[PDB]
Amino acid sequence: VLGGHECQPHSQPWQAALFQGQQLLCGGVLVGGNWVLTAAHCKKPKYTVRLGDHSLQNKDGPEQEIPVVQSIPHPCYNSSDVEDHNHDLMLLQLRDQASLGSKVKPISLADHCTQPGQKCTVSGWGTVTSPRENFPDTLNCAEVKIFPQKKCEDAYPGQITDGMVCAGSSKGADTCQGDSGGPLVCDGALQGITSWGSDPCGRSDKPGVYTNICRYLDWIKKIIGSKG
Ligand SMILES: [Ca+2]
């Protein structure tokens, strides 16, 4: 996350992180008591969901390691060709219900589709510098604005689907490597998942592209309540 800042600890209680021992892999979004929503391209045979964390270095207190008992990506995603990022969406079922409260909380799914110019936020432990990469110990947040789908399609010709949405900031705020899977939150609801973006990150030329959650509400709510 560039053009951002260290969030207030546990001000994003839905924030999750995918780990392999002590290597950060991707972000995550707590959607259910026993469900995490992340980017499909973060799939790996082996990872830990880590909830209620702020500083990787130090003990914050609301840390919950949680194993995954189901890796459910979108059935229209294809992890084969690097040029296509369509349906980059995955739900991960947790082994047990996460210990809920004010520092660990499921975020609600947006029941309306977005509009260009709408206030939104992104968060992650991804690198805050581009092109040279140094990574943050603490969770970083930043504010972004969702782009019009037409201007979205102009910065990435023939790369943007209706199941995507662009979010960006002139002022330098844009997710980067390490932030995939993390949340895009608009009006206290999850509207998108960090998918892919600009080289280098933070270019005013190129925004960030996010899975469009308001499009997949039926598929998510189906497996949030029929697989859960
Ligand atoms: Ca910690």
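Further up the page is the structure itself.
Below, the structure is looked at part by part. (Residues numbered from 1 in each chain as written, not as in the entry; some residues may be left out. Part of a larger assembly, values for the part shown. Heavy atoms only, no water.)

### Some remarks on the side chain of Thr138
Considering the arrangement of structural elements, one finds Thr138 in the loop between β8 (119-124) and β9 (140-146). Judged by its relative accessible area of 17%, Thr138 falls in the buried class. For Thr138, the side chain forms a polar contact with the side chain of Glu6, separated by 3.4 Å. Residues contacting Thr138, with those up to four places away along its chain left out, are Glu6, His54, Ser55 and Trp125. (Helix = DSSP H or I, 4+ residues; strand = E, 2+ residues; numbered from the N terminus. Buried < 20%, exposed > 50% of the residue type's maximum accessible area, 1.4 Å probe, protein only. Polar contact = N/O pair within 3.5 Å; in protein donor to acceptor, adjacent residues only side chain to side chain. Contact = heavy atoms within 4.5 Å.)

### A short note on the packing of aromatic side chains
One pass over the full model with this rule turns up one aromatic pair. Geometrically, the ring pair formed by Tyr156 and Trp196 is edge-to-face, given 4.8 Å between the ring centres and 65 degrees between the ring planes. Here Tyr156 is found in the loop between α1 (149-155) and β10 (164-168), whereas its partner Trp196 is found in strand β12 (residues 190-196), with 40 residues between them in sequence. (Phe/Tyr/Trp six-rings, centres within 6.5 Å; stacked < 30°, edge-to-face > 60°.)

### A closer look at the sheet that holds strand β4 (residues 35-38)
The six strands lie next to each other as β2-β3-β4-β7-β6-β5, forming a closed barrel whose pairing is antiparallel. Shown here is a sheet whose adjacent strand axes are inclined to one another by a mean of 40 degrees, direction ignored. The sheet contact formed by strand β5 (residues 48-51) and strand β6 (residues 64-73) spans four bridges and is antiparallel. The residue of β6 that forms the bridge with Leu51 is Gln64. (Pairing = 2+ DSSP bridges. Axes fitted to C-alpha atoms, helices over the stretch in contact; angles between N-to-C directions.)

### As for the coordination of the calcium ion
Bound to the calcium ion are the protein donor atoms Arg50 (NH2), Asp53 (OD), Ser55 (O), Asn58 (O), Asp60 (OD) and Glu63 (OE), situated 2.3 to 2.9 Å from the metal. Metal-centred angles of 67 to 170 degrees between the six donor atoms at the calcium ion mark the site as irregular. Within one chain, the residues serving as donors to the calcium ion are arranged as R-x2-D-x1-S-x2-N-x1-D-x2-E. We note that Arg50, like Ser55, is buried. (Donors = N, O, S within 2.8 Å, 3.2 Å for Na, K, Ca; no water. Tetrahedral: all angles 85-135°; square planar, octahedral: opposite > 155°, others 65-115°.)

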